[PDB]
Every structure is written in C-alpha cells, then in structure tokens.
Amino acid sequence: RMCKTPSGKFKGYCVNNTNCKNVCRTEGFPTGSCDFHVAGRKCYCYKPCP
C-alpha cells in the first residue's frame, strides 16, 4: 500500500513533487508528492505500508 501521509514541516506551495519529496525525505519518508485537498497545493508523503 501507498500510505499518503500529510507533511508536517512542509510550509508552502507543493507545485512540484520534488520539493514535497525532499521535505518528506527529510521528515522520514521515502518520497513525497503533491495533493490537492485544500485551496492550494498540499504536500503529502508517501510510504510503503502493507
């Protein structure tokens, strides 16, 4: 499973997945990617769950 987890330290616009990615990679996630669930762009971190 791909666990999409809301980024904690990400503050800003997740236009590119790569920024999300890096922030998630620094939070403790293999990768990060952007999502739209708010008026703007929200970074989410992806991690393999079963």
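Numbering, chain A: per Swiss-Prot, residues 34-83 in sequence.
Method of determination (from the header): solution NMR.
Every residue, even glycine, has its Cβ placed from backbone N, Cα and C.
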Query: Looking only at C53, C57, which is named in Swiss-Prot as the disulfide mate of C76?
result: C53
Message: From the disulfide entries in Swiss-Prot, identify which of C47, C57, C67 pairs with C78.
response: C57
- line: A 10 Å Cα radius around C47 (disulfide bond) captures, of the disulfide-bonded residues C53, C76, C82, exactly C53, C76
- line: Checking the disulfide-bonded residues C47, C67, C78, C82 for other Cβ atoms within 10 Å of each Cβ, the smallest tally belongs to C82
